[PDB]
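Enquirer: Take a look at this one; I'll ask things after.
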Amino acid sequence: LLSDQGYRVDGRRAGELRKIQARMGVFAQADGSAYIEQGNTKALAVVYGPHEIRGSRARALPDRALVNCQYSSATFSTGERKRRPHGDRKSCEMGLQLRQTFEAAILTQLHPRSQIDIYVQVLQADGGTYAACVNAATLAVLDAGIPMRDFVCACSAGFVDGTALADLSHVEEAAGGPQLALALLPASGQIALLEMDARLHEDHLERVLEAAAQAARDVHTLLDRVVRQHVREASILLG
Amino acid sequence: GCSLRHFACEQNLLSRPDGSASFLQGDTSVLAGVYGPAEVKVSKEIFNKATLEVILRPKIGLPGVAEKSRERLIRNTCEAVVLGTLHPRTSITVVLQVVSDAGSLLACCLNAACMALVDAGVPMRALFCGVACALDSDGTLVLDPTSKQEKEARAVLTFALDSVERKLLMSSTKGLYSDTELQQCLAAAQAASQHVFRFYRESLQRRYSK
Amino acid sequence: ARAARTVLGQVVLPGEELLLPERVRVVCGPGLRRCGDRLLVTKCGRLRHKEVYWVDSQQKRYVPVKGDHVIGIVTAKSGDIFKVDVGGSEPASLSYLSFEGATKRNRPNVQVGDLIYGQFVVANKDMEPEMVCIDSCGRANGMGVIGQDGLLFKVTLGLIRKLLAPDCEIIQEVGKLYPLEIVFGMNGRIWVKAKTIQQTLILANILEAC
Amino acid sequence: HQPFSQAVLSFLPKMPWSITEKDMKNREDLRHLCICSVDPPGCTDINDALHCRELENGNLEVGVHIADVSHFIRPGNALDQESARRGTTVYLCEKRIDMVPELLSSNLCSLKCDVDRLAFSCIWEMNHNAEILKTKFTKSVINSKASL
Amino acid sequence: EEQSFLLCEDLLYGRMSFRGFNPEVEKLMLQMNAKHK
Amino acid sequence: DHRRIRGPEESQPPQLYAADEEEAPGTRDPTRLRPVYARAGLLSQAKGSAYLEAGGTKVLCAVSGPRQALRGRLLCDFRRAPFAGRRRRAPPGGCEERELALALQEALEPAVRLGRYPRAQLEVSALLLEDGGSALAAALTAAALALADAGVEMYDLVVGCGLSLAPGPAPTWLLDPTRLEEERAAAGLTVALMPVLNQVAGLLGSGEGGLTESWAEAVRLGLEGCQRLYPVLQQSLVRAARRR
Amino acid sequence: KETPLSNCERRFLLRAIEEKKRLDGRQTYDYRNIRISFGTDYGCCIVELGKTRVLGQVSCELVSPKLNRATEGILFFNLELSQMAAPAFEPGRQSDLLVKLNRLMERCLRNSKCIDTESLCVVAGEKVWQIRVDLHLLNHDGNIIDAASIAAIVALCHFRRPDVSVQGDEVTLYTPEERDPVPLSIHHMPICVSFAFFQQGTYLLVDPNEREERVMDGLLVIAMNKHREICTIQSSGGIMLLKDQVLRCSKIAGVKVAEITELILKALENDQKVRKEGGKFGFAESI
RNA sequence: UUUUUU
């Protein structure tokens, strides 16, 4: 049982999100640090900013910056203990898609011979891991002041019983089967990244994609408040 | 009465490598692709001779220890026959992918490697080919055994021979034979090498028709 | 009276010994090497003679040979010299004062990633090769930067050795049909340009498809 | 009802086949005799074969002739293993499932018209009152004239 | 003793053009032809 | 995993299935050393080598030479032989071997002066053939003798001895135990000091139970043991130098 | 160590894209002429997508099952880039493209529920079939995704496993001489289609080859079905695209999966009619 | 649930 009489397992309808709270500037030792939580999924993101290349100096590109992303899950995430060394295949992909989304809109043009590292550590996974990681990395980058095209927000969506669902939990990704996560920058409506692993029929596709994008826009209407609230309580202390 | 089974040989299948040789021996099948003279890393810089790498991969499972020993046998046979003093500080890579395993892999692998080194254009002093004999419980030898003849027999010998004076280049063994059986298998291998070396020349004339 | 010079239009195997009759010494071509009083064959091919003996093989990888017309690609620049990819073992070098009419006061306009037509002055086994874009008298006979807006592709060296004979077939028909201009390069590289894109594509297909 | 395995197909005799006399050592030839077989319409396999002939001294020679499956299936073999597993041929409405593979039971032992095949035969010397004095059992090669 | 291939048999020219398509190209080709002849 | 010949999936040692009660070895003197047989320069293709034997404990060490502020860095590798001890370890190991390698590296750098080796490295390789007793200390001593015969500059040798505590009602420290005396043991300690400069170079010892006074007595007893043990190593290295 | 592309190569190829003309002469919506060949033994296939050869092999064993999933069989995929395929494919250097292909193939043919896992279980908790497929990239001149998906589906269709008989607790397998190996249970045939986006989503292309991948900046993969169900999609290359583009892309991908499913069915029928009459390898349609 | 051809 997933959705009957319009109500889900968590007790929320098909359109609304989870409760997500993002905090900026955790680790003052680093450059940019963000901690976000979407329901019970905890995500932590650290970016060390545009520092020069320390070793292996042949990697540097002459025109644009280089973006390095590494995804590491905690060993105590789910019930079964999993080991991040010798379990690299799932992670290698999750890092390379982050590399794609943050070479998409980070403006590498302004930083020649520059390395930007984005490290994301997940502390407690409860479904929708990828969207939480992308949102944490976006808040972390906008801490450190790397100038980018647009605020980046990601979410997920499923399709059960003729209705689209937004922001799945672990239960709904477990039994259901249709997952579709996307990363979106809302100033131009351009979908930055798609992920979908399903048996979904073609005639429904557009519908769930709209709902997915709609959920992403709701994320953009929430985190923005946090960012503005944060930057407002910067300026009162300055001038 | 000792004769091989049916041979088929094809050149220039693949586009990207410098040479391509498919070799079908009975039911077994080995495809070999060879990159020509190319760039080396600094660690393998040998000023007299050319580095000659051999990679061998079977189709089931990931490759292991015995395949490493086989590809060392390939690199030593090839560097014995590849005139490698002519090209210093360059690397030649010989890649082998097992298509069909029907018995006597090393013979078909050496034949494919020889045709691939010919068609890629690396200068060599001589041709080389591989054959195999199988000694049963009685002592009747069979040239180029099948998997069932290889399974029943008490000895399997694989010989790579040379084209100038039919000398022994490489030899591998799974068996418990005696020396006179070795001498007879070597003589039968020389006759089989004569047949295969004629088959080389026929296919190399079959290419250059235009 | 066998295997000296009788097979002068046949297909040789690499390694079959042949010798010259008789002081008046001869010069050996690219495939053959010397051994005492005989000549050692290193490649497959058809033997041809002109008064020199030479064999030719349809091979893809180019070896650096002194004094050939080669299209290359600029890799990067390092001070006075800039390096060019040829498609051989090691990339060659160019000096900016080697182009026509250049000194420290006038830099020749060379950008990273532009093709260059020139010829090798030093090319041996011992060192890395170096090329120039100037004649022996001190002028450019069409050497230097080719330019842009013309399709580049890669073919076999045997096709270039067939097409650049004084007796050819395809080039006169192609020049007869419509206007275009092409550049051959002895490492196996063809540059083409026509007035429109469709004729450029048809030219590229007709050139590479034989 | 599984189809026949590959090792069982190897033990059949080879498909271009004619009568070989070297296996007919104890066999006797009766091609000159007329022998017919009657059958419920539409068979591939058939095994029955009969003849009756009047003798010179007022007697009758009556022959029952049976196809020899045993000349082709040696004991201990895998074809014998299949035939020992199935035991009998199971008949249904639409199709049937033969005990013997279709090559053998279709061509090499079904007594087709105007061809010679191996057979195992019984001969009775029976009177005009059809009581029997002498009975003969033999291996033979038989050329049937007609199928009915 | 030399692996050349231009001064073995015979080559053609440098930067061969066609259909008076280009310009300076025709003259260069003519010069090459003159060298050949 | 696939660079070695695989065999069975899971194997068990026979001693756990063995049904016998092995007796304790009894009572001994506390400062009862084992006889020491050491010789240096045994190997040929290595630049320096040493072989050290003490009762049932065997260890061998060899030193690869220097290869190409700035400071030298000796990285040391410690492999136990796969047939040393009752149970058979995996041929890579990976858990305990890096733990002993850090003890080796943090005990050898006070010995080897590295201002005389700019942009170079030293490879100290120790191999433990028979785990008869004090495993870390014999490895330290043999690595010190091998580095000394190899010809790198030092300040002093390194002499190390291990200790152990019998778990009786009156805890009495034992010096240089055997493997059975470690199997019965509760807590074991290992020290190593340069005897001329009279400074401790590294101490590593796992505990089960003790008090601050007892650990102090064990440390000073180990210092007495190493200072006591030194001259045999001295005369052995003198004879190894006289072979040169 | 791979040869770099010219600036003029880029400029001429983009100018060719701006007037809707490829290099070889096909249109924008045309796959290259494909060819399916089979090996001697079961489960060995060679797919030519057009100067691009992919070898496919299926092996199968009996492994004790995973503890959480006691009643179905495990699928295990390995797509390994051979050394001969591209001169820059040295082992250990190309980890990124390796993971990006491997995970895409694994997600498609596992989470699509393409072939049945529940048909494999012999004894629950003790004995279960375990299917390992291996794809080798032999020649690199185009989409490794499309040719790999074609090769994996053809190898899953062509493979046969040896019979086991369960009687009480007895698990008696047979040799391939003693029993005919049964074919494997397949629900449907999902397949991948690759789309190339050029200069920020203005120009849509199908099936780029080598130069056509070097000049592009966007790649998209859509996996579809005979019954026109979309299995998996994945974007790569760092591009930004509107949803109208993927909505028009699903339709063309449906037409293409229909045609290639027709080709695979002709391939299987022709190989089986070859093996009914003397045994050989059955070529297949190259159109 | 014999019995003869399938």
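Going by the structure tokens order, chains are called A, B, ..., each with residues numbered from 1, while ligands are numbered from 1 in the order shown.
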What lies within 7 Å of segment 155-163 of chain G using only C-alpha atoms (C1' of nucleotides), ignoring chain neighbours under 4 positions off, as a list in words?
Expert: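 Residues meeting the cut-off are residues 42, 43, 44, 45, 56, 57, 58, 151, 173, 174, 175, 176, 179, 181, 182, 183 and 184 of chain G.
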Enquirer: DSSP on the backbone: which residues in segment 25-242 of chain G end up as helix (DSSP H, G or I)? Give the answer as a ChimeraX atom specification.
Expert: /G:95-111,144-158,210-214
Enquirer: Would you mind listing what lies within 7 Å of segment 17-29 of chain E as a list in words, with only C-alpha atoms (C1' of nucleotides) counted and same-chain residues fewer than 6 positions away left out?
Expert: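 That gives residues 175, 176, 178, 179, 180, 181 and 182 of chain C.
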Enquirer: Would you tabulate, counting only C-alpha atoms, all residues of segment 25-106 of chain C that have an atom at most 7 Å from an atom of segment 187-199 of chain C, showing the closest pair of atoms and their distance in Å to one decimal, sorted by chain then ascending number, as CSV?
Expert:
```
residue,atom,partner,partner_atom,distance
C:62,CA,C:187,CA,5.3
C:70,CA,C:187,CA,5.8
C:71,CA,C:189,CA,6.6
```
Enquirer: Counting only C-alpha atoms (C1' of nucleotides), what is within 12 Å of residue 31 of chain E, bar same-chain residues fewer than 4 positions away, as a list in words?
Expert: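 The residues that qualify are residues 141 and 142 of chain C; 12, 13, 14, 15, 16, 24, 25, 26, 27, 35, 36 and 37 of chain E.
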Enquirer: Please dump the current selection as an mmCIF file, in the first residue's frame; keep N, CA, C and O atoms.
Expert:
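Below is the file part-v7.cif, written as the result:
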```cif
data_model
loop_
_atom_site.group_PDB
_atom_site.id
_atom_site.type_symbol
_atom_site.label_atom_id
_atom_site.label_comp_id
_atom_site.auth_asym_id
_atom_site.auth_seq_id
_atom_site.Cartn_x
_atom_site.Cartn_y
_atom_site.Cartn_z
ATOM 1 N N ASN C 141 57.853 26.690 -50.826
ATOM 2 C CA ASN C 141 57.141 26.285 -52.038
ATOM 3 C C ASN C 141 55.769 25.712 -51.670
ATOM 4 O O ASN C 141 55.430 24.560 -51.945
ATOM 5 N N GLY C 142 54.962 26.564 -51.044
ATOM 6 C CA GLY C 142 53.633 26.185 -50.627
ATOM 7 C C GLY C 142 53.555 25.549 -49.261
ATOM 8 O O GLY C 142 52.491 25.033 -48.895
ATOM 9 N N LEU E 12 54.888 12.172 -57.173
ATOM 10 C CA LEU E 12 54.205 13.023 -58.142
ATOM 11 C C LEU E 12 54.580 14.493 -58.027
ATOM 12 O O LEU E 12 55.257 15.026 -58.913
ATOM 13 N N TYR E 13 54.200 15.137 -56.928
ATOM 14 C CA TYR E 13 54.296 16.590 -56.802
ATOM 15 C C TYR E 13 54.066 16.972 -55.345
ATOM 16 O O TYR E 13 53.975 16.106 -54.468
ATOM 17 N N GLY E 14 53.965 18.273 -55.089
ATOM 18 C CA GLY E 14 53.589 18.775 -53.784
ATOM 19 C C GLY E 14 52.365 19.662 -53.862
ATOM 20 O O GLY E 14 52.350 20.616 -54.645
ATOM 21 N N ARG E 15 51.340 19.335 -53.062
ATOM 22 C CA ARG E 15 50.054 20.032 -52.972
ATOM 23 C C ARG E 15 49.346 20.114 -54.320
ATOM 24 O O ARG E 15 49.143 21.210 -54.851
ATOM 25 N N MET E 16 48.966 18.963 -54.873
ATOM 26 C CA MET E 16 48.376 18.919 -56.205
ATOM 27 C C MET E 16 46.947 19.448 -56.191
ATOM 28 O O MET E 16 46.121 19.024 -55.383
ATOM 29 N N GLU E 24 47.307 30.177 -56.938
ATOM 30 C CA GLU E 24 48.740 29.951 -56.800
ATOM 31 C C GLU E 24 49.025 28.458 -56.951
ATOM 32 O O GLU E 24 50.120 28.042 -57.355
ATOM 33 N N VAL E 25 48.006 27.657 -56.658
ATOM 34 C CA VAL E 25 48.124 26.214 -56.710
ATOM 35 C C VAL E 25 48.453 25.693 -58.095
ATOM 36 O O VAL E 25 49.302 24.830 -58.220
ATOM 37 N N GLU E 26 47.803 26.226 -59.122
ATOM 38 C CA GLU E 26 48.061 25.777 -60.486
ATOM 39 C C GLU E 26 49.525 25.979 -60.879
ATOM 40 O O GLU E 26 50.137 25.107 -61.493
ATOM 41 N N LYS E 27 50.081 27.133 -60.525
ATOM 42 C CA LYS E 27 51.469 27.430 -60.852
ATOM 43 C C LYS E 27 52.425 26.466 -60.168
ATOM 44 O O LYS E 27 53.384 26.001 -60.780
ATOM 45 N N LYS E 35 59.499 19.944 -63.165
ATOM 46 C CA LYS E 35 60.560 19.199 -62.495
ATOM 47 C C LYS E 35 60.506 17.736 -62.920
ATOM 48 O O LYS E 35 61.537 17.116 -63.171
ATOM 49 N N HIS E 36 59.293 17.195 -63.000
ATOM 50 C CA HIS E 36 59.077 15.816 -63.420
ATOM 51 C C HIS E 36 59.534 15.593 -64.866
ATOM 52 O O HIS E 36 60.073 14.541 -65.209
ATOM 53 N N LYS E 37 59.290 16.586 -65.710
ATOM 54 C CA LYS E 37 59.648 16.515 -67.117
ATOM 55 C C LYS E 37 60.938 17.274 -67.403
ATOM 56 O O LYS E 37 61.634 16.988 -68.378
#
```
Enquirer: Check every residue of chain B for an atom within 9 Å of chain G, counting only C-alpha atoms, and provide those that qualify as number ranges by chain.
Expert: B: 13-17, 27-28, 32-35, 39, 55, 57, 59-61, 93-97, 99-100
Enquirer: As a list in words, please: the residues near residue 7 of chain D (cut-off 9 Å, only C-alpha atoms (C1' of nucleotides), same-chain neighbours under 3 positions excluded).
Expert: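 Skipping anything fewer than 3 positions along the chain leaves residues 4, 10, 11, 78 and 79 of chain D; 176, 177, 178 and 179 of chain G.
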Enquirer: Identify, on the basis of only C-alpha atoms (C1' of nucleotides), every residue whose closest approach to residue 45 of chain D does not exceed 7 Å; exclude the query and any residue fewer than 5 positions from it along the same chain; express the result as a count of residues only.
Expert: 3
Enquirer: Pull out every residue of chain C that has at least one atom within 6 Å of chain B, counting only C-alpha atoms, and report them as a PyMOL selection string.
Expert: chain C and resi 14-15+42-43+59-60+89
Enquirer: With N, CA and C atoms retained, export the selected residues as a PDB file, in the first residue's frame.
Expert:
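In the end it all went to again_17.pdb:
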```
ATOM      1  N   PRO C  14      58.006 -12.785 -45.730  1.00  0.00           N
ATOM      2  CA  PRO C  14      59.072 -12.154 -44.947  1.00  0.00           C
ATOM      3  C   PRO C  14      60.041 -13.180 -44.386  1.00  0.00           C
ATOM      4  N   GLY C  15      61.287 -13.110 -44.833  1.00  0.00           N
ATOM      5  CA  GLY C  15      62.324 -14.017 -44.389  1.00  0.00           C
ATOM      6  C   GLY C  15      62.989 -14.853 -45.456  1.00  0.00           C
ATOM      7  N   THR C  42      61.732  -8.470 -44.794  1.00  0.00           N
ATOM      8  CA  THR C  42      61.134  -8.202 -43.497  1.00  0.00           C
ATOM      9  C   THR C  42      59.628  -8.004 -43.530  1.00  0.00           C
ATOM     10  N   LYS C  43      59.027  -7.805 -44.699  1.00  0.00           N
ATOM     11  CA  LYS C  43      57.601  -7.509 -44.762  1.00  0.00           C
ATOM     12  C   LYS C  43      56.951  -8.400 -45.805  1.00  0.00           C
ATOM     13  N   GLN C  59      49.916  -0.773 -45.030  1.00  0.00           N
ATOM     14  CA  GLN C  59      50.029  -0.685 -43.582  1.00  0.00           C
ATOM     15  C   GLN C  59      49.601   0.704 -43.137  1.00  0.00           C
ATOM     16  N   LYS C  60      49.159   0.821 -41.884  1.00  0.00           N
ATOM     17  CA  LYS C  60      48.561   2.076 -41.442  1.00  0.00           C
ATOM     18  C   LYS C  60      49.562   2.960 -40.711  1.00  0.00           C
ATOM     19  N   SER C  89      56.194   7.490 -33.945  1.00  0.00           N
ATOM     20  CA  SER C  89      56.605   7.019 -32.628  1.00  0.00           C
ATOM     21  C   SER C  89      56.675   8.161 -31.627  1.00  0.00           C
TER      22      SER C  89
END
```
Enquirer: I'd like the contact shell of segment 98-112 of chain F - 7 Å cut-off, only C-alpha atoms (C1' of nucleotides), skipping same-chain residues fewer than 2 positions apart - returned as a list in words.
Expert: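 Once the nearby chain positions are removed, what remains is residues 75, 76, 77, 78, 94, 95, 96, 114, 140, 153, 154, 155, 156, 157, 201 and 202 of chain F.
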Enquirer: Just write the chosen residues, C-alpha atoms, as a PDB file, in the first residue's frame.
Expert:
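After the write, part.pdb holds the following:
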```
ATOM      1  CA  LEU F  75      59.710   3.475   4.454  1.00  0.00           C
ATOM      2  CA  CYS F  76      59.812   0.029   6.028  1.00  0.00           C
ATOM      3  CA  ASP F  77      57.832  -3.037   5.005  1.00  0.00           C
ATOM      4  CA  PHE F  78      57.165  -5.828   7.485  1.00  0.00           C
ATOM      5  CA  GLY F  94      46.902  -6.276   5.788  1.00  0.00           C
ATOM      6  CA  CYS F  95      45.737  -5.773   9.376  1.00  0.00           C
ATOM      7  CA  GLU F  96      48.522  -6.580  11.823  1.00  0.00           C
ATOM      8  CA  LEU F 114      68.722  11.662   7.515  1.00  0.00           C
ATOM      9  CA  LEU F 140      63.944  -4.263  15.479  1.00  0.00           C
ATOM     10  CA  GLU F 153      74.974   6.695   8.983  1.00  0.00           C
ATOM     11  CA  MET F 154      73.474   6.384  12.456  1.00  0.00           C
ATOM     12  CA  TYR F 155      73.869   7.641  15.982  1.00  0.00           C
ATOM     13  CA  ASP F 156      73.656   4.260  17.736  1.00  0.00           C
ATOM     14  CA  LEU F 157      72.331   0.752  17.244  1.00  0.00           C
ATOM     15  CA  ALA F 201      63.466   4.759  20.861  1.00  0.00           C
ATOM     16  CA  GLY F 202      60.009   3.203  20.950  1.00  0.00           C
TER      17      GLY F 202
END
```
Enquirer: Which distance in Å separates atom CA of residue 162 of chain F and atom CA of residue 15 of chain F, to one decimal?
Expert: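 It comes out at 25.9 Å.
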